[PDB]
Structure formats: C-alpha cells, structure tokens
Amino acid sequence: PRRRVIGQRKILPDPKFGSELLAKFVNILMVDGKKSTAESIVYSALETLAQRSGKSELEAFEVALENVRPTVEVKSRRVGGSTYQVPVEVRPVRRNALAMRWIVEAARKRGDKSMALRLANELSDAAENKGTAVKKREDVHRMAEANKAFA
Amino acid sequence: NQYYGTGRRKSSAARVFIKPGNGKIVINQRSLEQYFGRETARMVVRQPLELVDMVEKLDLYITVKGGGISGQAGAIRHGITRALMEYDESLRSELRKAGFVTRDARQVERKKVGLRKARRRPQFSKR
Amino acid sequence: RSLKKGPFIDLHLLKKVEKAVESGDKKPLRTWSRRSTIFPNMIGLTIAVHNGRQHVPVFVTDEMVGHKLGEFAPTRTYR
Amino acid sequence: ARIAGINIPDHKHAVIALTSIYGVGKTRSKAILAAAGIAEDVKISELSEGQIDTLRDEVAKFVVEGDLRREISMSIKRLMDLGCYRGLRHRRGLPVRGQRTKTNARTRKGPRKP
Amino acid sequence: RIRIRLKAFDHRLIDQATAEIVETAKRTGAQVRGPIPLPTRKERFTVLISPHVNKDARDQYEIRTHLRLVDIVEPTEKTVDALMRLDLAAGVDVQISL
Amino acid sequence: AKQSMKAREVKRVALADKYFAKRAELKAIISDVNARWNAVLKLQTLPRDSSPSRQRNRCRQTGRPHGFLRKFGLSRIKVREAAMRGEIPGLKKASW
Amino acid sequence: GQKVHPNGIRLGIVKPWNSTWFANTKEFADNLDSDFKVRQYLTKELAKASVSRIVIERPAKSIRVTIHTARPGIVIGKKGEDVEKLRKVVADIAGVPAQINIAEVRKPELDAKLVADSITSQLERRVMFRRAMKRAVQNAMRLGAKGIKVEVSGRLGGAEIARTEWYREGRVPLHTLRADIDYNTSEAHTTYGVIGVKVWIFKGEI
RNA sequence: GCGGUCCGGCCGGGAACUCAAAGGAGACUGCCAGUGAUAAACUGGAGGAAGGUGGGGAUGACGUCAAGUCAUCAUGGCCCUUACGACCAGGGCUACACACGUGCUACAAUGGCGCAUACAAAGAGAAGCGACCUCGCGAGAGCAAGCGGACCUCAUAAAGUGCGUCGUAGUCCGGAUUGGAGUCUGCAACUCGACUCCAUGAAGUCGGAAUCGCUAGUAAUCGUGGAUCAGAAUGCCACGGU
Numbered sequence: 001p002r003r004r005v006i007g008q009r010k011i012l013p014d015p016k017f018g019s020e021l022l023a024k025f026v027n028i029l030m031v032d033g034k035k036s037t038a039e040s041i042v043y044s045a046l047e048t049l050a051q052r053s054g055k056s057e058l059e060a061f062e063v064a065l066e067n068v069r070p071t072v073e074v075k076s077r078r079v080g081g082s083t084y085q086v087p088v089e090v091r092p093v094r095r096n097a098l099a100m101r102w103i104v105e106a107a108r109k110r111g112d113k114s115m116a117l118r119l120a121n122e123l124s125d126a127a128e129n130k131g132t133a134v135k136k137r138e139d140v141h142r143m144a145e146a147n148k149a150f151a
Numbered sequence: 003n004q005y006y007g008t009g010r011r012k013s014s015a016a017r018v019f020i021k022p023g024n025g026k027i028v029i030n031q032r033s034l035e036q037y038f039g040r041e042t043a044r045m046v047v048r049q050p051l052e053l054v055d056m057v058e059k060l061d062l063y064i065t066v067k068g069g070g071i072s073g074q075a076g077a078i079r080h081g082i083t084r085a086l087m088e089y090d091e092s093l094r095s096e097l098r099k100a101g102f103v104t105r106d107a108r109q110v111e112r113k114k115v116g117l118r119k120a121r122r123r124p125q126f127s128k129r
Numbered sequence: 002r003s004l005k006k007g008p009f010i011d012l013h014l015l016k017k018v019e020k021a022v023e024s025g026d027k028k029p030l031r032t033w034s035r036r037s038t039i040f041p042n043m044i045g046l047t048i049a050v051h052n053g054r055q056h057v058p059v060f061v062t063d064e065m066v067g068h069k070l071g072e073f074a075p076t077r078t079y080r
Numbered sequence: 001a002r003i004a005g006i007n008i009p010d011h012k013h014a015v016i017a018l019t020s021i022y023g024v025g026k027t028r029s030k031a032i033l034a035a036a037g038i039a040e041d042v043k044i045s046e047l048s049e050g051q052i053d054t055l056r057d058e059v060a061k062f063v064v065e066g067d068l069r070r071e072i073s074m075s076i077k078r079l080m081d082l083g084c085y086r087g088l089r090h091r092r093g094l095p096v097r098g099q100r101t102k103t104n105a106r107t108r109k110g111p112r113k114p
Numbered sequence: 005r006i007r008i009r010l011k012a013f014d015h016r017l018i019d020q021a022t023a024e025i026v027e028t029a030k031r032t033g034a035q036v037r038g039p040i041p042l043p044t045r046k047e048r049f050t051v052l053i054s055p056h057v058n059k060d061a062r063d064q065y066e067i068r069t070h071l072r073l074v075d076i077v078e079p080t081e082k083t084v085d086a087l088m089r090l091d092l093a094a095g096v097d098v099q100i101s102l
Numbered sequence: 001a002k003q004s005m006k007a008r009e010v011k012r013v014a015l016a017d018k019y020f021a022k023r024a025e026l027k028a029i030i031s032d033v034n035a040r041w042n043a044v045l046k047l048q049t050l051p052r053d054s055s056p057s058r059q060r061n062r063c064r065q066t067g068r069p070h071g072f073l074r075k076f077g078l079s080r081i082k083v084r085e086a087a088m089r090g091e092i093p094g095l096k097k098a099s100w
Numbered sequence: 001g002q003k004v005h006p007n008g009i010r011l012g013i014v015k016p017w018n019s020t021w022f023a024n025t026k027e028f029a030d031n032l033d034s035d036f037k038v039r040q041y042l043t044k045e046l047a048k049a050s051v052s053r054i055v056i057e058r059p060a061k062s063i064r065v066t067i068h069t070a071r072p073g074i075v076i077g078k079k080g081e082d083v084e085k086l087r088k089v090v091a092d093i094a095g096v097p098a099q100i101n102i103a104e105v106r107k108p109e110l111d112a113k114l115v116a117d118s119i120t121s122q123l124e125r126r127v128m129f130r131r132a133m134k135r136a137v138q139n140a141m142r143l144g145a146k147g148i149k150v151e152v153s154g155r156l157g158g159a160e161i162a163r164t165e166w167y168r169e170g171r172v173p174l175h176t177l178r179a180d181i182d183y184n185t186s187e188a189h190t191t192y193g194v195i196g197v198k199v200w201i202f203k204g205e206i
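Residue numbers (the entry's author numbering), protein chains in the order written: chain F, 1 to 151; chain H, 3 to 129; chain R, 2 to 80; chain L, 1 to 114; chain I, 5 to 102; chain M, 1 to 35, 40 to 100; chain B, 1 to 206.
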C-alpha cells in the first residue's frame, strides 16, 4: 500500500444476536479457519457471561470491553539512526479493534483446562478490570506518555 | 401457482421453490436442521426473509448439491431471494440493500507453476 | 514377510547344496545369489558370496532357517 | 493390582491402564477384556480381587515382562552372532532397516557433538 | 437404438461434422435426437521447458476432447446404408457400437 | 544418446515378448493357490532383460530416460520442439 | 532466451495445426512417432526442392500429407514420376495406405521456412551473411507484407565471438494474438560450427 | 406440474430447473456528484450478477550476466580406437565424525482415540479401473459383472456435526526405532523398495542470532487426483471444502 489508500471490509454481522463488533472477535479467536468450532466456543463461552456478570447480556460484552480500550500508543520510526518513536491516538475503529486482540491474547496464555473458561475469566476480569488485558492497557499507557514530550 | 429461482455460489448451485404455505421447508427431501440448518449456516436461510414477513405465510421446496456446506446454503439464500421476486420488483429493490441478489464471484484460485499453492511462495534461503 | 509364500534361491546354485551332502562338503562355494535363503539342508556348508570385491566366508549355523544369503557380505567399506 | 509382572499399574481405566506393561498395547488391550467377561470404561475403583485374578491368568500366553526383555534380546544376540548385516547395525549404532544416513539417523546414533 | 459418439479436438469442427451426420440421417432416414454436447475431457500436461535445471520455468499444454451424441431413435435400411462409405473430414472419431 | 544404451531396450523389447509373456504366463494359475509340486518356481532362468519392468521407455527421437510421456511418446524438450508447429494434434498452450 | 514461439501460441487462432488427425492414448504416441517419422525423411529427399511445410492428416487408418512449396514442378517429376516413389515409402512406415497432396506456394519471398532456408544455404555457400538478411527484408517488403524480420546467430563471417544480428522493417506485432505471423527456424552447418536463422513475417489483421 | 410403483427418478412421462456445450448479451468511468485547470484522473453514489484493467491464466520489449546447458539433441575443433568402446554378473549412487537447505510430522484440548452420520471439485482407466458376494483383524487372495468410458470402476472424501473416552498429565499426545509375525509387483528385494499386523515408545512440553510467505476466497488449516511408473513420493502438477 503506497499510492493506493484503501478502506475496510465490513464483515457480516453476528449469526444469533446480530452484531458487527461481536463478529470481528469471533474471527480474531478463530484459527486455521475453523469458524464453526470457533463460534462454538464463542457463544458457549458467552453463555456463562450472561450468568455470572448478570448485567443483561448483549452488553455483558461491551461494558467489560470498555476496560481495554486505550486512547494513545507507540510506533517505531527512525529519523537519523535512532528511533524517535512518537506516540499517537488509536483510531476510533482501531481502538476497540485492538481491545479484542488482547482480551483473547490473555486466553491464549491463561492455561486452564477449557478455552471457553480461559475466555470468560478474563472478559469478567474486565468488569473489575484486572486481567492480562486491562493491565496490558497499561504497558502502552506507561510506555507512551513517557515519551509524550514529542507529541 | 409455483415460485422459483436458481442461485448458486462457489460450485454450490441450488434450486429454490416458493409455495405460499408455512415457514416450514424441505431442502433436498430432508427437513432444515435435519441437514445443516443449525451450524454456522443457522438462520442464514431465514435472512432473505428477515426484511419481510413469513413464519406461516409461504412454504418452500429447496434443492442443492455440489461443493460444501456454507457454500450450498449460500445458493439457497440466493435462490430464495431471486425467487421471491415474483411478489414484485418493489421488494427486490429493498432486498438488494442486503446484497442478497449479488452472485458471489469469489472462487478458488488456480495453483500456478512455482508456488506451493495459489499464493504461498516457497521459502528461500537468506540470500 | 517378503516372498509371499515360499522362499527363493538359484538353480545354478542348487546343484551345490544338494551336491554337497553326497560328495562330502568341499571348499567354499562361489556363485552370486545372496538373494537365496538358508535351508536346513545347508547346515554347516562352506558358503561364500562375491560382494563387490571377493567372496566372504561364513558358516550356516543352527537357528538361521529363514534369512537371506547376502546380509553376511557387506560391500560398503569405511574407516 | 500387581498382576503377572511386578509392575503395579493402576489408577487408570480398564482398556487404558492395562497397556502399561511391557508387551501390552491397544490391540491386545481388548482381546482379553473380551474373553473374561469384563467391560471397558471400568475403573479399578470397584474391582474386587476376583474380577482381576482371572485377568491375571490371561496375560499368561504371550511373552511379556522380563520374559520379553530377553525374548527379543534372544534374537538380538542371535541376529548379531550370526555375523550378517541386519545385526551389524545394532553392534555399531546405525539404522538397521536400510534407512539412509547422508544426514538424519539420530534415533539409532546419538545427539550430534563436533 | 443407434448411438453415435462423435469425438474431435476442435470445437468448431466436431459440431460441423455432426452438422453433417445429422443432415444425412435426417435425410436418408429420420428420428434422430438432435446433437447432444457431452462433457469435454481437457487433459493437460505440465512440463519443464529448460534443457537443464530451472524447474520453475515450465510450459503447460493441453488437448481438448469434444463429444457429440446424435443418437438415432428410428434406424433405416437406407440410413444404416449410406451411413457407412461416405464420411470424409480427417481428424474426427466415430463410434456407433453398443 | 549412446547407440548402445539404445539397443539395450530394443533387446529388452524383442526379448520380452518372443519369450516372456508368451511363456511368462507360467506363474499365474500355475504359481498360485493350486493345492506342493516343485514343478512351479523352478524353470525360472529365461533371458533377464525380458521383463514387464526391465524397461525405461525412451524418446523415439533421442533417448532421454527422464521426462518421457507415453501419450506423446517423445521427451519434454523434443515434445515442445513439435508442439509449437502443429506437430502434435489438437495440442496447444493451456490456460484457465 | 525469454520469448515464446509465435506460431505455437497462435495455434488456438490464426495459425492452424500442421498435424491434423486424432487417436487414443493407447496409440497416440505410436502415431506421433509414426507421423513425425515421415517428415524427417520426406524433407531430406526434397532438400533442393524448396519445401517449407508438410501437413499430415490421418483420416481413420489412412494418410494424406500435403507438401507445400513454391517450387512444386520438379517435386513431381515427369507427370507424376517423382511424387510416386515418395508415396511408396511414405505408406511403408505407419503400416496403412497413402496418398499425397501437392500444394504450390505462390511467392516464396513471404513464406517462413523458405526465406529461412533461403539463407541457411547462403551461409554455407560462404556468402556475405549481412547481405542475405538485407536481401530478405527488402524483396520481402517488395511484394506486399506488412512486417518482416530476420535473425542470425553464431560465428558470423568468421569469429570466436558468438554474436546475433537482427534486422526488422515495417511493423511486427509479435504480441497481438490475432496478427498473422509466420515464423520458422532453419539451421545451417558450416566449417566452424552451427548457425541459427529465425525469421518473422507479419502479414495481416483479424 | 403429471400416472404406475418390489418408493430405487425405478418405469411411463416431461423439457421446465441443476448441469452438460455451441452461438449470444453485458461494464465503457457510460450516468450523478465531489476534488482536481471547465483536462486526465482518483473518491463516493445509482442501477447492475459483475464495476471501476471484476478475479485467474497465457503473453516476459532493445537488452545484462562470454550465466547455465556440448550427459536431451544437433554441432567446429580435440582426444581414445583389440580403446575412457563393447557383452555379463555382482556391488555404490539408498555409504557417512559432520555443517547447510527445502520439506512431512509433532510438541494436544479450538487436540488424541471410539461409534453414529451430513456436504466436494477435479482427473484417470483396458499389457487398465476391477463392483458385488466371498476368505483374513488387517495389507490382500478367489469367483469375476461392468467400463476404451456426463453410462462402470478407482473414492464410503477430510476437516466437519451429534453424543462418548480424557483431563492438560510425556501422559488416553506425539511416532523414531528394534524384533517377531504377514501382505504386493517382479528373474530376483539382504546392501535397496512399497504395505499390513502384534510388542516397544525416545527427542521434541513450540524454538537464540536471524529469517521466509502471504493484502482475499487470500495466509492458515483440510482432503482429492494426476504425470513418471514394474514397483517406491512428506516432491511436483492440478482440484476443491472451511
């Protein structure tokens, strides 16, 4: 992508609750393209998220997400042989977009005994924000802002 | 009177018959979920009915084979909508905004001579 | 495990395992059919096999009833 | 549940545990539980010393335990003493069954050094 | 009753030979079942073009097989007759057997 | 391509049928589940080259033991040699 | 070394096959080898005859063969003399009967294999190769023709350096499938190695 | 949509639909708007199955590297010539203290293994594919119908979906290896094949420096056929699921 600035591939909404954002995640979690077994651990790992948190359900995901949505970040550059890395705010769409990569990334490590569980304990670990994601929402808040003098 | 439309997608071609009866459906002589109507392709078939009314308004006899699941189902959704035109062209107008009319060009790319498969370029040493 | 049903040997060699039990077993044999097996009607025989260079001598002992006639004749030499 | 060999394999299902002995595999893990009036998904957590002492007298047919430790070893020395080829390898540290060796051949050699 | 699997390599020559067997059968005889296309067997062969090494080169070739069915329902002594002898057109294959 | 290596196949061909196959059929009903009498696997000392595999198939205009296709008979390079000039009927550059 | 054969690619269009027939795998090769076995010999016996193309067609267990040449006269003999002897042997290869065509070639100046051979002899006749190509092109444009280009390669006029001179004139759309382009090699052996002459002659539109 | 069913499109029957293969039509920034000279063009919209070379091939300019190929082959010169030629048998290339390269398989629960059962496209075939029944646990062997083939065989596709075992533990993972016991083609398989079957189970619990591929139905994951071929592909060529 040099002269040609593209756009975005708005993906099909959710096949049950009906939602975009919802979907993106479903894929984020998918691997090797097993979208079936994937969403088979999506809604199933979201069933107990409509029970323990209790807060409705359609938003039992959203609200918990707001705890992993940064507003500034980093980026490598190279000006004269150094790095002069200058932070920046994450685009409205890229913001929550990132949020999901991590929330799950915490499930990619949290070695329990069952994925669906290695998923909820963190999404719920967002209600009272204290998981490897909300705290991951700190490695950038701390990394960046420190070199904010260049912003 | 009988109603129909073809509709196909990625080697999965299907034939769809609308019969003013009930939401009930029988694709390839075997009830909905009695085939695949629950997998990823859940209410996928309903979709072409979302922006309209049914439930017990119109029955339908479906027929498809060749390819894969989500693929077949696609054609289904295609036929259904390009068969649902009969009531009028006025609905196909508001049914296009759901791009259900669009035939999916998407198709498997041929594996050229040189790559491991389509786009995958075999790794070469450092330099 | 290989030759389906029933072992295999030579003909220009069989006139030497059968002709070794009646005329007294003489000096080692010199053919080129390692492919043959070890029939109990050879036991003791002075067998040898040309493998690249010369013929390596061996003694058809006891319990060796179902094994080739070449494994005992390494052609590749190293060290 | 020592049974047959001194090995005390336990705390594992029927068709499961059983395959712990040297000479007991999947195949011969049902060929016995199907000729003694015993089930499969059964955990010894309810096995009377009676439905076992009968499963113990079964293994007594095909060479296992130490018997097999020197049973196959019997042919080990044999094939070697013969002075053939298939025996040469073992008494050397090289793959028997004709495998190549311009490179890989570690399973029958040993972790590289130089 | 009488099948006629006519096969060739050029599309506009296989159905220009059929365009005859028919205009003949529907002449000295009749019935016929119009021409029936039939699947096309395209057999490709991928080969290396460099006289030595250079695998990623290659020249992909292919030969196309076009079919015709004809299938005459009502034979004719006058039709099964002239049928033979006259045929012309070099390069096409004819098969009426059962 | 070594007139010699060429004739080696011609002798493996003229010897595979005038002998093997013709009498090589002496290993089917004969050498199978028929019962054993030694008459079987014994008179097995015919030619050698005469065999249904003792061959390599070689270009009819050169003799390159590799890249030889039956459908055309010739070898890849000699094939293309033709290809681009009609030479091989209904054969052209594929694409799709 | 990176250009496709003009003819062989146009095979799906403008330029037709040279071997028109059909067979089965079972005996496709035995036919192919059968076919291109007649060419080899028929060409030889007609060297000084100015040949340029030999079309073979097998009409079901049989054979026709159309011989092309701008020089047909002395390819037949005294009212059928020569052609006869040819057919004879011709048939005696495959195993089936034989007949043979006799196609003339009005204007050899534009035919590929002709202008290509019309030089391979020039070279072995120790003539100024840079005069052969200049010849060709000109008297090739002379009578019609839209495009024409000749190429030569190997020890030219004597050398230890392998050079390849070309020479175009007019207009030659080698990349336009629908353009009628006739191309033909033509090797010539001299006292010091082989030489290569590859011609290209553009003639028409659609 | 029609009638008869031993409910198998099985048999009348029907050309509609799928598909088959010939000839058409269509997309050209053509329309609207914006930016940009009122230009070209890019952005967005409409209609449209498809937009903005729709996707994918084929196609690779004058030329560069006295690149590679004189073992495809042809070829100037050179050399051998009762000979580095040539006939035969056996043996190496499948050897191996090793480093490197491209790979297949893993290191597991978004996964092993057991039962049940739902969907490919593409391709080949007669000195071939070889049902069905039948013998073995199985690889196979017997009887042999059909098919030079949208008619028959090769394939009942795999992931997948519904329960079931398991519990994150080198373990029910992973499969090297060694022995024993068997299958297939061949004159003949020990050095050297391919496959099944019974026991055995390392290393690896995901990888430093560094680095490779990929911007779409693509990467990854999943099976399928094919060329050569007597027989031996994780290789190559081609296909198609998610």
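We treat Cβ as the ideally placed atom computed from N, Cα and C, and that holds for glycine.
If you draw a straight line from the Cα of I:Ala93 to the Cα of B:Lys198, it comes to about 34 Å.
Assignment of R:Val57 by DSSP, reduced to helix, strand and coil, places it in the coil class. Taken atom to atom, the span from the alpha-carbon of L:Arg92 to that of I:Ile53 is near 47 Å. Rounded to the nearest angstrom, the Cβ distance from F:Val86 to F:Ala126 is 29 Å, too far for a contact under 8 Å.
Residue range 63-72 is occupied by the beta strand (DSSP E) that includes I:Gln64, with no alpha helix (DSSP H) assigned at that position. Between B:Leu143 and B:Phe129, the alpha-carbon positions lie close to 22 Å from each other. Here B:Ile13 is exposed, its C-beta having fewer than 16 other C-beta atoms within 10 Å.
For B:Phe22, the neighbours in chain M by C-beta distance under 8 Å run, in chain order, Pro93, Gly94.
Residues of chain H whose Cβ lies closer than 9 Å to the Cβ of F:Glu39 are, in chain order, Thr42.
Listed by position along chain R, the residues whose Cβ is nearer than 7 Å to that of M:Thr49 are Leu12.
Per DSSP, L:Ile8 is not a residue of any alpha helix (DSSP H), being assigned neither H nor E. With contacts defined by Cβ atoms closer than 8 Å, H:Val66 and H:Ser33 do not form a contacting pair. By the CB criterion at 8 Å, B:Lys146 and B:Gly73 fall outside the cutoff. With a threshold of 16 other beta carbon atoms within 10 Å, B:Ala132 meets it and is buried.
Taking 8 Å as the threshold, the shortest C-beta distance from H:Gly116 to chain I falls below it. Think of a sphere of 7 Å around the beta carbon of L:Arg86: the chain R residues whose beta carbon falls inside it are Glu72, in chain order. Per the DSSP secondary-structure output, B:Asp182 pairs in a beta bridge with B:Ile201.
When rounded, the separation of the alpha-carbon atoms in B:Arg126 and B:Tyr167 is 20 Å. Proximity of R:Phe60 to chain M, defined by a Cβ-Cβ separation below 8 Å, is not satisfied. Taking B:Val105 as the centre and dropping the five residues before and after it, the same chain places the C-beta of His68, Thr69, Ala70, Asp111 closer than 6 Å to its C-beta, in chain order.
Here M:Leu78 is buried, its C-beta having at least 16 other C-beta atoms within 10 Å. Taking the beta carbon of R:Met65 as reference, the chain L residues within 7 Å of it are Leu82, listed in sequence order.
Contact between R:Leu46 and R:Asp63 does not hold, since the beta-carbon distance rounds to 13 Å and is not under 8 Å. Taking the Cα of F:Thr71 as reference, the smallest distance to any Cα among F:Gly81, F:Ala99, F:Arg52, F:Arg9 is reached at F:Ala99. At least 8 Å separates the CB of M:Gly67 from every CB of chain B.
Separation of F:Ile6 and I:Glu24 (C-alpha to C-alpha, rounded to the nearest whole angstrom) is 57 Å. Listed as beta-bridge partners of B:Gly170 by DSSP are B:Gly147. For M:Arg80, the secondary structure class from DSSP, reduced to helix, strand or coil, is helix.
F:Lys135 carries a coil assignment under DSSP once its states are collapsed to helix, strand and coil. A straight-line Cα-Cα distance of about 19 Å links H:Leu53 and H:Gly9. If you ignore the 5 residues before and after H:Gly76, its C-beta comes within less than 6 Å of the C-beta of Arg11, all in its own chain and listed in chain order.
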